[PDB]
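Here is what each chain is made of, one letter per residue.
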There are 4 protein chains.
Amino acid sequence: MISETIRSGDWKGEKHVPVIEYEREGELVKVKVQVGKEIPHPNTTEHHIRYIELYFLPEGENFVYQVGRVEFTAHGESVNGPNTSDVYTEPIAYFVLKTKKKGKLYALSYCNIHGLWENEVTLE
Amino acid sequence: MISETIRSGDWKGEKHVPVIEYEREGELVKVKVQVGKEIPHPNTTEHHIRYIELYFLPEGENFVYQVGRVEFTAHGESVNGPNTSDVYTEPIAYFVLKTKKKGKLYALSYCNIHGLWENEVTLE
Amino acid sequence: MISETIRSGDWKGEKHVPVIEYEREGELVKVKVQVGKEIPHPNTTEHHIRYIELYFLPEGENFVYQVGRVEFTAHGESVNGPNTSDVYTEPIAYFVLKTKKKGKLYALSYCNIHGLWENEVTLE
Amino acid sequence: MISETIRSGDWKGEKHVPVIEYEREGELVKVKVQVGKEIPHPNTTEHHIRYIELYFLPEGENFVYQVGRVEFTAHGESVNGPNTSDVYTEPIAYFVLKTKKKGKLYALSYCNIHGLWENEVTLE
Ligand SMILES: [Fe+3]
Ligand SMILES: [Fe+3]
Ligand SMILES: [Fe+3]
Ligand SMILES: [Fe+3]
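Criteria and thresholds
- Residues numbered from 1 in each chain as written, not as in the entry; some residues may be left out.
- Chains lettered and ligands numbered in written order.
- Heavy atoms only, no water.
- Donors = N, O, S within 2.8 Å, 3.2 Å for Na, K, Ca; no water.
- Tetrahedral: all angles 85-135°; square planar, octahedral: opposite > 155°, others 65-115°.
- Buried < 20%, exposed > 50% of the residue type's maximum accessible area, 1.4 Å probe, protein only.
- Least-squares fit on C-alpha atoms.
- Contact = heavy atoms within 4.5 Å.
- Helix = DSSP H or I, 4+ residues; strand = E, 2+ residues; numbered from the N terminus.
- Polar contact = N/O pair within 3.5 Å; in protein donor to acceptor, adjacent residues only side chain to side chain.
- Buried area = accessible area lost by both parts, 1.4 Å probe.
- Salt bridge = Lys/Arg side-chain N within 4 Å of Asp/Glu carboxyl O.
- Pairing = 2+ DSSP bridges.
- UniProt positions renumbered as here; feature names shortened; annotations may be inferred.
- Nonpolar A, V, L, I, M, F, W, Y, C, P; charged D, E, K, R; others polar.

Method of structure determination, per the deposited record: X-ray crystallography was used for this entry, reaching 2.0 Å resolution.

As structure tokens, then:
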């Protein structure tokens with residue numbers, strides 16, 4: 001099972017667990033997901049967070065919906081060598097979801113050398 | 001040339017042109033891109049905005065860097081038919097870029113039935 | 001845990017399970033992944049396979065690597081209505097991996113209305 | 001205009017140009033796209049091809065359709081340093097398109113340090 005490759009708890013020293021925060025404004029749900037809130041995770045050409053995906057399983061339903069996916073594609077690479085571009089995309093994802101349902105939000109994160117990471121929160 | 005398929009000007013009645021706004025906070029550049037700010041573009045199972053991509057060409061350089069890509073993946077589809085899930089991802093993209101450079105920001109947008117759309121702004 | 005939303009099963013009985021096949025040619029590993037090999041899966045504007053992702057966990061290592069991702073983006077939509085374009089992308093993915101390692105290959109599939117599906121095979 | 005950042009050229013002389021080949025089998029169109037067919041392109045942690053996208057503009061129509069997107073995500077990175085994993089995804093993309101239409105096929109390629117590249121062929 002692929003779940004055997006997904007981690008949900010950080011080790012001390014490096015933050016990989018996606019942190020999910022959301023605000024409900026009417027039928028609009030603004031979701032912020034980020035890796036390394038307190039202690040930033042490295043963002044270099046050889047070690048960086050590649051993307052964050054958000055899923056939503058509505059209360060009482062059987063199928064999860066992928067809500068969105070954000071790819072962080074610049075990590076300092078340039079013709080002048082690794083970490084020389086001065087262009088870096090930080091692992092902060094924002095999603096605006098339109099729904100009146102409640103349920104579970106799941107975030108999936110991938111570090112290029114540290115595998116898959118997950119987290120979830122209850123959408124009320 | 002693929003540019004022959006990309007549009008940069010809306011026709012009256014439907015907004016496709018990605019609108020780019022940004023705020024510079026130190027070395028952090030917070031970029032917001034959205035389709036249909038004033039008049040929302042439809043978001044249905046048969047007609048919706050699929051994604052928004054952001055590119056950055058630094059001043060005086062020769063190669064553009066893709067900064068990020070955001071996919072809006074929920075458009076009301078469910079086992080109960082099109083437009084029945086009550087789960088929709090709005091075409092609003094937020095990117096946090098770390099750079100001290102200046103240059104040109106380009107946004108690329110795709111409507112599932114109306115092709116590719118582009119816009120650009122100067123990052124100062 | 002997100003694994004609670006991922007389904008698996010026999011591909012000879014469940015049309016959603018990604019079927020993984022591979023051929024090793026020197027240091028090159030040609031991997032073919034497909035949904036609906038036995039029982040074809042629908043490909044319509046309202047119901048279709050969105051993408052297939054391939055992961056590789058080398059023997060004896062602790063972190064899985066995402067090998068590739070393929071998005072199937074055309075499902076008949078057009079200005080003339082759903083299922084009118086006559087352009088459909090079939091859920092068949094090919095990956096050419098360069099490695100001498102052995103381990104486990106995992107495939108992850110997403111149906112727009114039937115959630116996430118997984119499968120895995122041993123890479124010899 | 002974004003086209004000012006996209007390059008094209010002869011694939012027999014420029015290693016970045018995506019080479020498009022296809023075979024029509026009934027209503028099925030098997031498309032193979034690859035970068036570095038003539039002159040291999042590097043695939044290292046600091047310099048590699050990130051993805052290949054395929055578009056199709058049917059004859060006589062006004063809107064291009066994105067047919068598919070393939071991301072090559074492994075480029076040797078590991079906890080042991082750049083280029084140490086022995087896992088590399090080669091920039092070879094395959095797409096199986098179902099259509100009876102004719103038109104133009106466009107491929108878009110991105111090198112992490114050499115920007116965007118394009119190519120096109122006529123689908124008969
Ligand atoms: Fe890490
Ligand atoms: Fe539209
Ligand atoms: Fe299905
Ligand atoms: Fe290059």
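Right, let's talk about the coordination of the iron ion (ligand 1) for a bit. Residues and elements named next belong to chain A. The protein atoms that coordinate the iron ion (ligand 1) are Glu14 (OE), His16 (NE2), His41 (NE2), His47 (NE2), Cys111 (SG) and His114 (ND1), at distances spanning 2.0 to 2.4 Å. One way to put it: the six donor atoms around the iron ion (ligand 1) meet at angles of 80 to 172 degrees, and that makes the site octahedral. Taken in sequence order, the residues that donate to the iron ion (ligand 1) follow the motif E-x1-H-x24-H-x5-H-x63-C-x2-H. Among the residues examined, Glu14 registers a relative accessible area of 14% and is labelled buried.

So, on to the relation of the copies chain A and chain D. You can overlay chain A on chain D at an RMSD of 1.5 Å; the transform is a turn of 179 degrees with a shift of 0.1 Å along its axis. Interpreted geometrically, this transformation is the action of a two-fold axis. Taken together, the interface assignments show that 100% of the residues at the interface of chain A recur at the interface of chain D, consistent with an identical surface on both copies.

Residues and elements named next belong to chain C. The topology assignment puts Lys30 in strand β3 (residues 28-34). Between the C-alpha atom of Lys30 and that of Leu57, which follows or precedes it by 27 residues, the distance is 16 Å. Apart from the residues within four sequence positions on either side, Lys30 is in contact with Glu21, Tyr22, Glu23, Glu25, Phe95 and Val96. Side-chain polar atoms of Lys30 contact the side chain of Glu25, separated by 2.8 Å.

So, on to the interface of chain A and chain D. In this complex, chain A contributes 14 residues to the contact, which on the side of chain D involves 14 residues. Of the roughly 1,000 Å² buried between chain A and chain D on both sides combined, carbon and sulfur atoms contribute 51%. By the criterion of area lost to chain D, the three top residues of chain A are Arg50, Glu77 and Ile113 of chain A, representing 38% of everything that side buries. Here chain A is connected to chain D by four salt bridges.

Tracing the backbone through its elements, the reader meets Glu118 of chain A in strand β9 (residues 115-123). Within the structure, the side chain of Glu118 of chain A is placed 2.8 Å from the backbone nitrogen of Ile2 of chain C, a separation counted as a polar contact. Setting aside anything within four residues of it in sequence, one finds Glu118 of chain A in contact with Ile6, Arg7, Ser8, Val17, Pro18, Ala107 and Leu108 of chain A together with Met1 and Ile2 of chain C.

Now for the pairing of strand β9 (residues 115-123) of chain D. Residues and elements named next belong to chain D. Here two bridges tie strand β1 (residues 6-7) to β9, and the two strands are oriented parallel to one another. Across the sheet, residue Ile6 finds its bridge partner in β9, namely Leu116. With nine bridges connecting them, strand β8 (residues 103-111) and β9 associate as antiparallel partners. By the bridge assignment, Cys111 is partnered in β9 with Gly115. Linking two consecutive strands that pair antiparallel, namely β8 and β9, is a turn of three residues.

A separate point is the UniProt feature "binding site: Fe cation" in chain A. Per the UniProt record, the feature "binding site: Fe cation" sits at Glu14, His16, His41, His47, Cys111 and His114 of chain A. For the annotated residues, spread through 101 residues, the largest C-alpha to C-alpha distance comes to 11.9 Å, consistent with a single compact locus. Summarising the element assignment, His41 of chain A is placed in the loop between β3 (28-34) and β4 (49-58). Looking at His41 of chain A, its side chain comes within polar contact range of the side chain of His16 of chain A, at 3.2 Å. Judged by relative accessible area, which is 6%, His114 of chain A ranks as buried. Ignoring any residue separated from it by four or fewer positions in sequence, one finds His114 of chain A in contact with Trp11, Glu14, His16, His41 and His47 of chain A, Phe63 of chain C together with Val79 of chain D.

All names here are of chain B. The iron ion (ligand 2) binds to the protein through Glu14 (OE), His16 (NE2), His41 (NE2), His47 (NE2), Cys111 (SG) and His114 (ND1); the donor distances cover 2.0 to 2.4 Å. Each of the six donor atoms bound to the iron ion (ligand 2) contributes to angles spanning 80 to 172 degrees, and the resulting shape is octahedral. When the donor residues of the iron ion (ligand 2) are listed from N- to C-terminus, their spacing reads E-x1-H-x24-H-x5-H-x63-C-x2-H. On the criterion of sequence distance, the pair formed by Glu14 in the loop between β1 (6-7) and β2 (19-25) and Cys111 in strand β8 (residues 103-111) is long-range, its members being 97 residues apart. In this structure, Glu14 and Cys111 share a single accessibility class: buried.

This paragraph deals with the sheet that holds strand β3 (residues 28-34) of chain B. Spatially, β6(A)-β7(B)-β3(B)-β2(B) is the arrangement adopted by the four strands of the open sheet, whose pairing is antiparallel. Where the open sheet ends on each side, the last strands, each with one partner, are β6 (88-89) of chain A together with β2 of chain B. When β6 of chain A meets strand β7 (residues 92-98) of chain B, the two strands line up antiparallel, connected through two bridges. Pairing of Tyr88 of chain A across the sheet is with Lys98 of chain B, part of β7 of chain B.

So, about the interface of chain B and chain A. When the parts of a complex come together, some accessible area is lost, and that lost area is often taken as the interface size. Counting residues at the interface gives 29 residues for chain B, matched by 29 residues for chain A. Summed over both partners, the interface of chain B with chain A comes to about 2,700 Å²; 52% of that surface belongs to carbon and sulfur atoms. The largest contributions to the chain B side of the interface with chain A come from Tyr65, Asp86 and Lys98 of chain B, which together make up 20% of the buried area. For the pair chain B and chain A, the interface holds four salt bridges. Of the charged contacts in the structure, one is a salt bridge between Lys100 of chain A and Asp86 of chain B, with a shortest N-O distance of 3.1 Å. There are 20 residue pairs in polar contact connecting chain B and chain A. Counting residues per element, the ones that place at least two in the side of chain B that touches chain A are β5 (65-72), β6 (88-89) and β7 of chain B. Ranked by residues supplied to the side of chain B that touches chain A, first place goes to β5 of chain B with eight residues. Classifying every residue of the side of chain B that touches chain A by side-chain character gives 14 nonpolar, seven polar and eight charged.

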